[PDB]
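What follows is one chain in structure tokens, specifically the form deposited without the named molecule.
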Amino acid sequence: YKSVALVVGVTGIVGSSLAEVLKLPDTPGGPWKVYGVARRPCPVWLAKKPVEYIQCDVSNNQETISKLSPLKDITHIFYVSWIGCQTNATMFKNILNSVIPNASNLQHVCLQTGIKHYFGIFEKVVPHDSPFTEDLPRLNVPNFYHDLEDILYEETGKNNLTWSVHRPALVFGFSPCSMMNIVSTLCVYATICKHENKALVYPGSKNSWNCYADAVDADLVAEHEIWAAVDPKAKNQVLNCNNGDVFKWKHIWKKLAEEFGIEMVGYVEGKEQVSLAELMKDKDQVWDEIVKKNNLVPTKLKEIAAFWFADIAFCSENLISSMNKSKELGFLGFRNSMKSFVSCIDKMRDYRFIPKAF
């Protein structure tokens, strides 16, 4: 092995893409050894992969020391755990305190944050307008992402390590474990509609129907993090990560209806946004019956879908981010966002989480 990755959050959407992409033939930095850390016991999908799984609650300092301090060969840390204050800072500090003193060939720390935390719902002071670039200064408004950056900079600086900060847009992806996942949430809603013989009714705002939006494929995020981990010209940079294009929810919606073979009802002029979370609140038993009727992987509705997260997406606009910095540094990776969305639907079907198309 040439390089040794510690993927913190391996069962998450991006973490699961890193485990796969790190193991492909001709991956930069390779051949890679991969340690994958997550709180749950190793999922069956990941047990069959060449990943060394470490079950660890990284919010527990002792346990993090016990399980990560023996891993002497780590060269690259990829901190990609979903970010839901002091707990996120503590988790990241735990990782760095447990590995930095023990891994004598440690080179680089990759920190994943996001363009916006929950679409900016928590952000008095006038915010920066879009298209979002990485050179925009920090505004005097508290931010959990800025607290993690500060720990990265301090710990990498003192220890002669390189750093990256990756700011993914809304992620399109799927793996057998990760929730707070937009495509899964929308596929679940489509599946319920189809089961109940109802149309795929758009519950969102006018503006989110018609505005330009962007996103990022989980695999592209993995490629971008690996690139910044191995390209010396890319190191010690804050870097956005999106698919390189724009889309509209209205087009995703039509595609979604088409893929499920159901009628669409788009935005209806004058009709106000309604909560998808509200529409779905009494559907937990319906979901149980769908799983049974279609022999799906048993999931609970609250585990596979986050309707509240779709609701925020559908009252958001003006959130486009730029890839000019990455491109000007030589990263020309992209995805067709419409093709990426469909590929996630296909993947959920292939893994039996939602019914087949026919």
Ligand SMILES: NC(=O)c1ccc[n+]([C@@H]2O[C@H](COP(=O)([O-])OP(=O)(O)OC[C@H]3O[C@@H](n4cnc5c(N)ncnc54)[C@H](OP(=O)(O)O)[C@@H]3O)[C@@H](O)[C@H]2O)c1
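We number the residues from 1 along the sequence you see. Basically, rigid core = biggest C-alpha set you can superpose within 1.5 Å across the two forms.
As for the form deposited with the named molecule bound, it is not shown, yet the points below apply to it.
Peer 1: Picking from 229-237, 266-274, 250-258, 172-180, which part of the chain touches the named molecule in the bound PDB entry when contact means heavy atoms within 4.5 Å?
Peer 2: Result for this chain: 172-180.
Peer 1: Give a yes or no on whether every one of 11, 39 and 80 sits within 4.5 angstroms of the named molecule in the bound PDB entry by heavy atom.
Peer 2: Every residue of the candidate spot has a heavy atom within 4.5 Å of the named molecule in the bound PDB entry.
Peer 1: Is residue 203 close enough to touch the named molecule in the bound PDB entry, meaning at least one heavy atom pair within 4.5 Å?
Peer 2: Heavy-atom contact with the named molecule at 4.5 Å: absent for residue 203.
Peer 1: Considering only heavy atoms, tell me if residue 242 and the named molecule come within 4.5 Å of each other in the bound PDB entry.
Peer 2: No, residue 242 sits far enough from the named molecule in the bound PDB entry that none of its heavy atoms falls within 4.5 Å.
Peer 1: Contact with the named molecule in the bound PDB entry for residue 56, defined as at least one heavy atom pair within 4.5 Å: yes or no?
Peer 2: Because a heavy atom of residue 56 falls inside 4.5 Å of the named molecule in the bound PDB entry, the answer is yes.
Peer 1: Does residue 145 reach the named molecule in the bound PDB entry, with heavy atoms at most 4.5 Å apart?
Peer 2: Yes, contact at 4.5 Å.
Peer 1: Just one of 91, 280, 187, 152 has a heavy atom within 4.5 angstroms of the named molecule in the bound PDB entry, so which one?
Peer 2: For this set of options, the contacting one is 91.
Peer 1: If the cut-off is 4.5 angstroms on heavy atoms, which of these, 164, 191, 98, 113, is the one near the named molecule in the bound PDB entry?
Peer 2: Going through each option in turn, the one that passes is 113.
Peer 1: If you line up the core, which of 244, 176, 131, 266 has a CA that moves 2 Å or more between the shown form and the other one?
Peer 2: The residue that shifts is 176.
Peer 1: Residue 145: after superposing the rigid core, is there a C-alpha shift of 2 Å or more between the shown form and the other one?
Peer 2: False for residue 145: its C-alpha shift is below 2 Å.
Peer 1: Taking the rigid core as the reference frame, is the Cα of residue 209 displaced by 2 Å or more between the shown form and the other one?
Peer 2: No, the C-alpha position differs by under 2 Å between the shown form and the other one.
Peer 1: With both forms fit on the core, has residue 163 moved 2 Å or more by CA between the shown form and the other one?
Peer 2: Result for residue 163: no, shift under 2 Å.
Peer 1: Once you account for a change of 3 Å or more, let me know if residue 118 and residue 204 sit closer or farther in the bound PDB entry, using their C-alpha atoms.
Peer 2: Relative to the shown form, the pair is farther apart.
Peer 1: Any idea whether residue 117 and residue 182 get closer or farther by CA distance in the bound PDB entry, knowing it moves 3 angstroms or more?
Peer 2: Distance between the C-alphas of residue 117 and residue 182: longer in the bound PDB entry, by 3 Å or more.
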